[PDB]
Structure formats: C-alpha cells, structure tokens
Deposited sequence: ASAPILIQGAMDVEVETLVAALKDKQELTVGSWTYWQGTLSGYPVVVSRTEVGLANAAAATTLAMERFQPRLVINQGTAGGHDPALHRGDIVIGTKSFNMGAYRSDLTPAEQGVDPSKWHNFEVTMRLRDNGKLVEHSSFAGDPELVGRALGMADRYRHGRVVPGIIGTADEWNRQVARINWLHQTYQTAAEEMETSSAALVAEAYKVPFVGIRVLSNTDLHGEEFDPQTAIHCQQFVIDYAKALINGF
C-alpha cells in the first residue's frame, strides 16, 4: 500500500473543497480530529481538519502520523498579511515557519511597565530531540524541493501572486497595525495559527512538509476576510498534489 499525502486545513471552509475532490472516501474521527481518506488521481490522500491553533495542529498532525504514516504533509489555509507588498488572494509558500508567539523577556521591575518590543522569540518552544539527543530549531524550513515545486507552479494559480515567504505561527490574530509592522520588521514575516506547530511534528517524524497559505485578509490594506480565498487556495493545492502524484 502506498503512503498517503496528508493535506491539512483548520476550518471547514479550508477543507470542504479538498474533501469534495477525493474519490472513494471514508471519514474517521478520533478525539476532536476528523480525517477523510480517499484518492486523488488514484493515489491515497488523507485530508485533515485540524481545528485552530498550535495545540490542535500538533495533536492533529501527531494523530495523522500514528494512524496514516504519510509520505509528506501539506499544511494549508488562510492567513493575514504582514508584508505590505502582499494583498488578499496572494499565496505564500513557506520557505520557513516559526513560532512567532513564543516570547521570553529579561527581568524588569513593575515601575518600568510592559514593553512588548523587549519580548524576544523563545526558541526552546521549537527544540526537539532526535534519537534522544537535543536539537535546536529557530524555525522549520519548508522542504526545499516541495517549496520550489509550488513556486514553479505559480503561473497555474489564477487569483493572485504565489511568493516565497516566512510564515509566522502564533495563537494570535493581530489587528494592531503597529504590532503587525513590528513583527514584519523583526522576523521578516509574509503572513501570520497552525503552520509551525504542524511543521514541528513533521520534523520530529522526519516527514517532508510544506506550508501553503493564502492571504484572506490584511489590515495593511484595509482588506477584510474573504472566505472565497480559502476555496482558491484548496484548488491550487489540489493541482499541486496531483503534480506530485504524477511523479510518484
């Protein structure tokens, strides 16, 4: 039996198009996490609805590893823009993802108040063990061949640009524009709740991973959430997965 491609999305709107594309489906739920097992172009594919945020993403990914032993993972869905060059509908291919919500601060007394510009990325949250030995990570690189394939397919996407970028994952939805700008300037983020958590689990299991995110919103351009972007992202991802399958 052939090891499946695992394709993830957090919300119903981010998976319904993927699920509709599968043939010969069955649906499995364990705990809080649902999976649809079927085929695309005759090849096994599992679609996972992860639910939202880092804990949910890590659980859903781990459970998929244990149940399905996928050959690669595509985490996809929507995101908010951090780079002013990007607009709603543009797709970011994650050259890296990282836990943007991880914060450590030096000691300051009460009289100095609160200063988030002094909250630094706390890399221990991405530290893993490999065969028992500690391995530091400041980010997780998208598998570079998977990243490159998606960039090479850019002109197959009908609804915006496809760009490489850094995906900042956090249990956050930021709409303070000064904070978005600070995160972009500090971490070079393209967009901002699951990617790096799923990536962390994929790294632990040594399974190739790529994050593919459409901007559904950006407060840098007054562009409010458009759910149709989620459908467009899934269409691109289906094309992308079919191209991988043709190569298997």
Legend entry - Unmodelled intervals of the deposited chain, in order: 193
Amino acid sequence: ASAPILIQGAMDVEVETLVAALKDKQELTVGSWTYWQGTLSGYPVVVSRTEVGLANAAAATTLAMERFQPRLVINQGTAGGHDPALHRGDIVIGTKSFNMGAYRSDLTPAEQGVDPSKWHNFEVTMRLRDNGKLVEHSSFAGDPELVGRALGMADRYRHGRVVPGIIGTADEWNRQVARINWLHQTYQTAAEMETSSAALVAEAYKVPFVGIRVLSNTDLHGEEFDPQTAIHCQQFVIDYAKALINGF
From here on, numbers count along this sequence of modelled residues.
Inset, instruction - Give the stretch, out of 174-182 and 95-103, with the larger mean C-alpha temperature factor in the deposited entry. - result: 174-182
Legend entry - 71-79 set against 114-122, stretch whose average Cα temperature factor tops the other in the entry: 114-122
Inset, instruction - Could you tell me which one of 59, 204, 40, 215 shows the highest CA temperature factor in the PDB record? - result: 40
Inset, instruction - Sorting the chain's modelled residues by C-alpha B-factor, tell me whether residue 109 ends up in the lowest, middle or highest third. - result: highest
Inset, instruction - Looking at the entry's B-factor column for C-alpha atoms only, identify whether residue 26 ranks in the lowest, middle or highest third of its chain. - result: highest
Inset, instruction - Could you say whether, by C-alpha temperature factor, residue 149 belongs to the lowest, middle or highest third of its chain? - result: lowest
Legend entry - Relative C-alpha B-factor of residue 166, binned into the chain's lowest, middle or highest third: lowest
Inset, instruction - Classify residue 191 as lowest, middle or highest third according to the C-alpha B-factor given in the PDB entry, relative to its own chain. - result: middle
